[PDB]
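Undergrad: Below: one structure in structure tokens.
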Amino acid sequence: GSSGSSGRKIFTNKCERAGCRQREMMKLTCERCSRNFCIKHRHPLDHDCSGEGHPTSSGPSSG
Ligand SMILES: [Zn+2]
Ligand SMILES: [Zn+2]
């Protein structure tokens, strides 16, 4: 039985911004978080950039 419908085509990109459905003909990835976004949210100032900002260091083993 048909379960789930996959969709992937090299035509347009999909912004990774919250409550955003902007499709930029060209691919736009941030330089800090390295995530896809729309020209509008392409800048790290018009989008909650969570790339190079949160301090992380190896500690726990589990995970
Ligand atoms: Zn966007
Ligand atoms: Zn970013």
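Chain lettering (A, B, ...) mirrors the order of the structure tokens, residue numbering begins at 1 for each chain separately, and ligand numbering begins at 1 in order of display.
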Excluding residue 14 in chain A and residues on its chain fewer than 4 positions from it, collect all residues at most 8 Å away from it, counting only C-alpha atoms, and give them as a list in words.
TA: residues 21, 22, 23, 24, 36, 37 and 38 of chain A
Undergrad: Could you save those same residues with N, CA, C and O atoms as an mmCIF file, in the first residue's frame?
TA:
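After the write, part18.cif holds the following:
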data_model
loop_
_atom_site.group_PDB
_atom_site.id
_atom_site.type_symbol
_atom_site.label_atom_id
_atom_site.label_comp_id
_atom_site.auth_asym_id
_atom_site.auth_seq_id
_atom_site.Cartn_x
_atom_site.Cartn_y
_atom_site.Cartn_z
ATOM 1 N N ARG A 21 7.973 29.910 3.667
ATOM 2 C CA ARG A 21 7.839 29.018 2.522
ATOM 3 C C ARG A 21 8.352 29.687 1.250
ATOM 4 O O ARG A 21 7.767 29.533 0.178
ATOM 5 N N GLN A 22 9.447 30.428 1.377
ATOM 6 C CA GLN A 22 10.038 31.121 0.237
ATOM 7 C C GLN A 22 10.916 30.177 -0.577
ATOM 8 O O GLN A 22 11.770 29.479 -0.029
ATOM 9 N N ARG A 23 10.702 30.162 -1.889
ATOM 10 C CA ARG A 23 11.472 29.303 -2.780
ATOM 11 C C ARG A 23 12.355 30.133 -3.706
ATOM 12 O O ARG A 23 11.877 30.706 -4.684
ATOM 13 N N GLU A 24 13.645 30.193 -3.390
ATOM 14 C CA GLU A 24 14.593 30.955 -4.194
ATOM 15 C C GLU A 24 15.150 30.104 -5.331
ATOM 16 O O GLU A 24 15.793 29.081 -5.097
ATOM 17 N N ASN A 36 20.068 26.438 4.493
ATOM 18 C CA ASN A 36 19.373 27.050 3.367
ATOM 19 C C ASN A 36 18.366 28.090 3.849
ATOM 20 O O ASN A 36 17.724 27.915 4.885
ATOM 21 N N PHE A 37 18.235 29.173 3.090
ATOM 22 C CA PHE A 37 17.306 30.243 3.440
ATOM 23 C C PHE A 37 16.972 31.094 2.219
ATOM 24 O O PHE A 37 17.558 30.923 1.149
ATOM 25 N N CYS A 38 16.025 32.011 2.385
ATOM 26 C CA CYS A 38 15.610 32.889 1.298
ATOM 27 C C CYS A 38 16.317 34.239 1.388
ATOM 28 O O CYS A 38 16.632 34.712 2.481
#
Undergrad: Taking the DSSP secondary structure from the backbone, can you list the residues of chain A that are alpha helix (DSSP H), as a PyMOL selection string?
TA: chain A and resi 39-42
Undergrad: When the cut-off is 6 Å and you count only C-alpha atoms and all ligand atoms, which residues lie near ligand 2, shown as a list in words?
TA: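 For ligand 2, the residues inside 6 Å are residues 30, 32, 33, 44, 49, 50 and 51 of chain A.
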Undergrad: List the neighbours of residue 25 in chain A out to 8 Å using only C-alpha atoms; skip same-chain residues closer than 3 positions along the sequence, and give me the result as a list in words.
TA: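 The residues that qualify are residues 11, 12 and 13 of chain A.
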Undergrad: One decimal, in Å: what's the spacing between CA of residue 20 in chain A and atom 1 (Zn, counted along the ligand's line) of ligand 1?
TA: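 Interatomic distance here is 4.8 Å.
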Undergrad: Got a sec: who's within 10 Å of residue 29 in chain A, counting only C-alpha atoms, leaving out chain neighbours fewer than 5 positions off, as a list in words?
TA: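 Once the adjacent positions are removed, what remains is residues 15, 16, 34, 35, 36, 37, 38, 39, 42 and 43 of chain A.
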Undergrad: Could you name the residues that touch residue 41 in chain A at 8 Å or less, counting only C-alpha atoms, but leaving out those on the same chain fewer than 5 positions away, as a ChimeraX atom specification?
TA: /A:17,46-47
Undergrad: Just how far from CA of residue 63 in chain A is CA of residue 48 in chain A, in Å to one decimal?
TA: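 Distance reported for this atom pair: 25.8 Å.
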Undergrad: Closest to ligand 1 among A:60, A:19, A:7, A:1, using only C-alpha atoms and all ligand atoms?
TA: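 The shortest atom-to-atom distance to ligand 1 comes from A:19.
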Undergrad: What does the distance from CA of residue 56 in chain A to atom 1 (Zn, counted along the ligand's line) of ligand 1 come to in Å, to one decimal?
TA: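 Distance reported for this atom pair: 26.8 Å.
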Undergrad: Which one of A:26, A:52, A:18, A:45 sits closest to ligand 1 if you count only C-alpha atoms and all ligand atoms?
TA: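 Among the listed residues, A:18 lies closest to ligand 1.
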